[PDB]
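Student: can you look at this? It's an experimental structure, sequence on top.
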Amino acid sequence: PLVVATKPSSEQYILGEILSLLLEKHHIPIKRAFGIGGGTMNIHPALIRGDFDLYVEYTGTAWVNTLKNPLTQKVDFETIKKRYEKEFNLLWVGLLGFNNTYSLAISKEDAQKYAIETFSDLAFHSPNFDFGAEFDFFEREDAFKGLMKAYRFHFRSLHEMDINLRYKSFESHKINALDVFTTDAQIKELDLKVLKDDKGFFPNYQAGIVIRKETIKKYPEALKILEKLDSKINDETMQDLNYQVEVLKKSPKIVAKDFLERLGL
Ligand SMILES: C[N+](C)(C)[C@@H](Cc1c[nH]c(=S)[nH]1)C(=O)O
């Protein structure tokens, strides 16, 4: 059977269940390998070697982490696809239609207190903030290392935690500034102030299905099926599905089932 992997986020579970249910509807055998610790850093090699068959990746993450390209070049999907096929024998099916990129968030009270609107504002007052993020945020060149080269933050403290504990650390006041994702249900849930990336540091993170070319060779129907999801999930749809899971307490499975029904797939 085809093994569908995801990163350990609610959004990735929704996408994984959408892929798994869609393939199961076409009688393709599926095994779920959800919430792989470390995300891409462990998904990418397992995909290359064949432990996994497909997952949903973001363009800018492949651009920096796997393709070894500099952030001085604009992320280019056609380049990503060509190099993935030539060097990795991997196929980007397409783009789902939405872009979940990095941002920075603080409490709205702190934003008003310190006149913080932009990333540079946060850096300017950073000695008054305890910043927290997931482990990989301090390792990827497109995350904290680049933010430090571009903005030179001097946070009072740094806290590394499991990716699913960040907002909880913010709620407990262990940290009072953190990295967020633009489609996170918790941005609205906690009424956070998301800062403006005034130097345009973070690239494009459009979500798309990455699948082994061997799997498409064995199952052309899987490619034909998965292309029906192309451009069917814009930013608002991803944000609402995540809201349905994290706020309305629906399971990722039920959210994916309802979405596929809505699409008529
Ligand atoms: C989707 N995203 C915002 C572009 C990040 C999120 C993420 C990074 N690492 C893990 S784990 N999750 C990514 O996958 O690079």
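Tutor: Noted; the coordinates are in hand. Numbering: from 1, shown residues only.

Student: what is the neighbour count of the one residue in the chain that gets nearest to the ligand?
Tutor: Nearest residue of the chain to the ligand (Cβ to the nearest ligand atom) works out as residue 39 at 2.6 Å. Yep, even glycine has a C-beta here, placed from its N, CA and C like the rest. By other Cβ atoms under 10 Å, 24 other residues sit near residue 39.

Student: could you find the closest non-adjacent residue to it?
Tutor: residue 7 (3.9 Å; Cβ to Cβ, 6 or more residues apart in numbering).

Student: right, and the one you found touches residue 40 too?
Tutor: Yes - using Cβ atoms under 8 Å, residue 7 is in contact with residue 40, at 7.1 Å.

Student: neighbour count winner among the two?
Tutor: More crowded of residue 7 and residue 40, by other Cβ under 10 Å: residue 7, with 26 against 20.

Student: which parts of the stretch 51-200 of the chain sit against the ligand?
Tutor: Listed as neighbours of the ligand in the stretch 51-200 of the chain under the rule Cβ under 6 Å from any ligand atom: 58, 61, 100, 102, 136, 163, 181.

Student: could I get these as CSV with distance to residue 201?
Tutor: Formatted as CSV, these follow (distance: Cβ to Cβ, whole Å):
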residue, distance to residue 201
58, 16
61, 15
100, 16
102, 9
136, 17
163, 20
181, 15
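
Student: identify the farthest-apart pair in those residues.
Tutor: Spatial extent of these (Cβ to Cβ) is set by the pair 100 and 136 at 15.0 Å.

Student: run the chain-centre distance for stretch 211-227.
Tutor: Here stretch 211-227 is found 23 Å from its chain centre; the criterion is Cα atoms, centre = their mean, to the nearest Å.

Student: which residues touch that stretch?
Tutor: 2, 19, 22-23, 26, 28, 47, 50, 53-54, 85, 89-91, 93-94, 209 (Cβ atoms under 8 Å, 6 or more residues apart in numbering).

Student: can you select the buried ones from these in PyMOL?
Tutor: Those of the contacts of stretch 211-227 that count as buried under 16 or more other Cβ atoms under 10 Å are selected in PyMOL with:
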select buried, resi 2+19+22+23+28+47+53+54+90+91+93+94+209
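
Student: which ones among the contacts of stretch 211-227 lie within strands?
Tutor: 2, 54, 90-91, 209 (DSSP state E).

Student: closest to residue 245 among these?
Tutor: The nearest member of the ones in strands among the contacts of stretch 211-227 to residue 245, counting by Cβ to Cβ, is residue 209 at 19.4 Å.

Student: list the contacts of the residue nearest to residue 39.
Tutor: Counting by Cβ under 8 Å, 6+ apart, residue 7 makes contact with 35-36, 39-40, 43, 55, 163.

Student: rerun at 7 Å
Tutor: Contacts for residue 7 were tallied using Cβ atoms under 7 Å, 6 or more residues apart in numbering; they are 36, 39, 43.

Student: do residue 251 as well
Tutor: So residue 251 contacts nothing (Cβ under 7 Å, 6+ apart).

Student: roughly how far does it sit from residue 244?
Tutor: Noted for residue 251: a distance of 10 Å to residue 244, by Cβ to Cβ, to the nearest Å.

Student: and the next helix or strand past the top helix by length along the chain?
Tutor: Ranked by residue count under DSSP state H, the longest helix found in the chain is helix 10-25. Following helix 10-25 in sequence order, the next helix or strand is strand 30-33 (DSSP states H and E).

Student: now the phi/psi pair for residue 72, please.
Tutor: phi -70, psi -20 (degrees, to the nearest 10).

Student: coming back round to it: which of the contacts of residue 7 fall in helices?
Tutor: Using DSSP H, residue 43 are the members of the contacts of residue 7 that sit in helices.
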